[PDB]
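The residues making up each chain are set out below.
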Amino acid sequence: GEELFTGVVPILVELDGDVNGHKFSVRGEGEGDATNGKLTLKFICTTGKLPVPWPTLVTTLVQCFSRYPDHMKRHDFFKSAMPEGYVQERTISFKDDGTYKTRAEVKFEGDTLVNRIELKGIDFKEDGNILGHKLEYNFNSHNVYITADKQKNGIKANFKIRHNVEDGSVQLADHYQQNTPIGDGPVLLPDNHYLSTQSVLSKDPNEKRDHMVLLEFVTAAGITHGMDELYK
C-alpha cells in the first residue's frame, strides 16, 4: 500500500532480452519518489552494445511510482499489490516491423523495489528503424490508459508510443498491457483512468559503457469525483 512509498525508495531493474536471436542484458539502479511522481535511474547494457535503440526499452524498463492525486488514491492498483508485487506482461507491436513480448515481476526485496524482466522480440527488419538504429535518443510524453480486468483480478492498459525517427518520421509502438497480482491478497481494482508520463533521456559523460540515464515523471488523472478544488 501507500505506506511503502511515502519516502524515496531504491530501485533495481534487471532485463534479459533476445531480439531476432541477439541476446543482451540490461541492469539499472536508481530511486523513486512516488509522492512527487518522480523516477531517476541509470541503465547499463552489461553484455556490451545494445542491439536495439535505448528508447525502445524505456516502457519495459515500475508504475507503482506514479503520483495518484489524493482523490484518486483508491484507484492505485500498483501500490495495492505491494510488497508481494504483480506480474506485468506486454505485447509491443512496432508498426511495419517486429514485436516485443515482455514478462516482468515487480516486487519489494526488503526496502528495494525490483523490476525483473524477460523480453523476446521477433520478426524485426534488419534495416528497419529498430535493428537499423534510426530512432532519435529522446522521448515524447504519453498517456497510459488503464481499465480493470475483474476476471484476471488485475488491470489492462493500452497506449501508443511515438518514437521520433532521425528522418523526421515517427515509429509507432502499440502497447497492450496486463498486470496480475502475485499471490491471493486483496487489491484495488480501479475505475478507468490514465497515467500521464514524461521522460527525459540523457548520457553520463564519464560512462564508457553503453547506457541510458533516465528521469521520469508520472501522474494519474482522468477521474474528477472528490476533487473539491475543482468545484469553484
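Residues numbered from 1 in each chain as written, not as in the entry; some residues may be left out. Heavy atoms only, no water.

Asker: How should the overall build of the protein be read in this particular structure?
Answerer: If you tally the helices and strands in the protein, you get 1 helix and 11 strands. Start at the N end of the protein and walk to the C end: the helices and strands fall as β-β-β-α-β-β-β-β-β-β-β-β. The C-alpha atoms of the protein give 18 Å as radius of gyration, which agrees with the globular expectation for 232 residues (17 Å, within 12%). Reported as C-alpha extents along the three principal axes, the dimensions of the protein are approximately 50 × 35 × 35 Å. Within the span of the protein, comprising 232 residues, buried residues form 48% of the whole. Taken as a whole, the protein presents about 11,500 Å² of accessible surface, with 48% of it coming from carbon and sulfur. Across the protein, 27 positive and 34 negative side-chain charges occur, with their mean positions spaced 2 Å apart. (Helix = DSSP H or I, 4+ residues; strand = E, 2+ residues; numbered from the N terminus. Rg over C-alpha atoms; globule rule 2.2 N^0.38 Å. Buried < 20%, exposed > 50% of the residue type's maximum accessible area, 1.4 Å probe, protein only. Areas by Shrake-Rupley, 256 points an atom, 1.4 Å probe, with all protein chains shown as cover. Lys, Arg positive; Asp, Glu negative; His and termini not counted. Charge placed at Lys NZ, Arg CZ, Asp CG, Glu CD.)

Asker: Teacher, can you tell me more about the packing of aromatic side chains here?
Answerer: Two aromatic rings, taken as a pair, are described by how far apart their centres are and by the angle between their planes. What the rule picks out here adds up to 9 aromatic pairs. Judged by centre distance (5.3 Å) and plane angle (80°), the rings of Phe-5 and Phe-65 are edge-to-face. The exposure class assigned to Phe-5 is buried, which follows from its relative accessible area of 2%. With a centroid separation of 5.8 Å and 65° between ring planes, the pair formed by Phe-78 and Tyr-86 is classed as edge-to-face. Judged by its relative accessible area of 1%, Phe-78 is buried. An aromatic cluster is built from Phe-5, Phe-65 and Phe-108, whose rings are joined through pairwise contacts. Sitting above the plane of the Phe-5 ring, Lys-79 keeps its charged end 5.5 Å from the centroid. Looking at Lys-203, its charged tip hangs above the ring of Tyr-137, at a distance of 4.1 Å from the centre. (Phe/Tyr/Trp six-rings, centres within 6.5 Å; stacked < 30°, edge-to-face > 60°. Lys NZ or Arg CZ within 6 Å of the ring centre and 35° of its normal.)

Asker: I would appreciate a short explanation of the sheet that holds strand β10 (residues 193-202) in the present structure.
Answerer: Overall, mixed pairing links the 11 strands, which are arranged β1-β2-β3-β11-β10-β7-β8-β9-β4-β5-β6 in a closed barrel. Averaged over all adjacent pairs, the angle separating strand axes in this sheet is 20°, with direction ignored. Two elements, strand β2 (residues 22-33) and strand β3 (residues 38-45), share 8 bridges in a ladder whose sense is antiparallel. Across the sheet, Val-26 pairs through a bridge with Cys-45, a residue of β3. (Pairing = 2+ DSSP bridges. Axes fitted to C-alpha atoms, helices over the stretch in contact; angles between N-to-C directions.)

Asker: Explanation requested: unusual backbone geometry in the structure shown.
Answerer: As a rule of thumb, non-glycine residues mostly have phi less than zero, and peptide bonds are mostly trans rather than cis. Cis geometry marks the peptide bond from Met-82 to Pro-83; its omega dihedral reads 5°. Within the secondary structure, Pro-83 sits in the loop between α1 (77-80) and β4 (86-94). One non-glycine residue, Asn-153, adopts positive backbone phi at about 60°. Structurally, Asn-153 can be placed in the loop between β7 (142-149) and β8 (154-164).

Asker: Would you take a moment to explain the nonpolar core for this structure?
Answerer: Soluble globular proteins tend to pack their nonpolar side chains together in the buried interior. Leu-61, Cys-64, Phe-65 and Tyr-100 are the most contacted members of the largest nonpolar core, which totals 56 residues. Element by element, the count of residues in this core is highest for strand β1 (residues 8-19), at 5 residues. Ignoring sequence-local partners within four residues, the contact set of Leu-61 consists of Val-13, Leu-15, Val-26, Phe-43, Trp-54, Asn-115, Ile-117 and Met-212. (Core = buried A, V, L, I, M, F, W, Y, C linked by side-chain atoms within 4.5 Å. Contact = heavy atoms within 4.5 Å.)

Asker: Explain the pattern of salt bridges to me, please; I cannot follow it from the model alone.
Answerer: If the charged atoms of two oppositely charged side chains come close together, the side chains can form a pair. Enumeration according to the criterion identifies 12 salt bridges in this entry. Of the charged contacts in the structure, one is a salt bridge between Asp-18 and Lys-23, with a shortest N-O distance of 3.8 Å. The exposed category is assigned to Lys-23, whose relative accessible area is 58%. A salt bridge links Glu-105 to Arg-103; the shortest N-O distance between them is 3.2 Å. In the salt-bridge network here, residues are joined through shared partners; they are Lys-42, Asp-204, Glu-207 and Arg-209. (Salt bridge = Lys/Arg side-chain N within 4 Å of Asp/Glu carboxyl O.)

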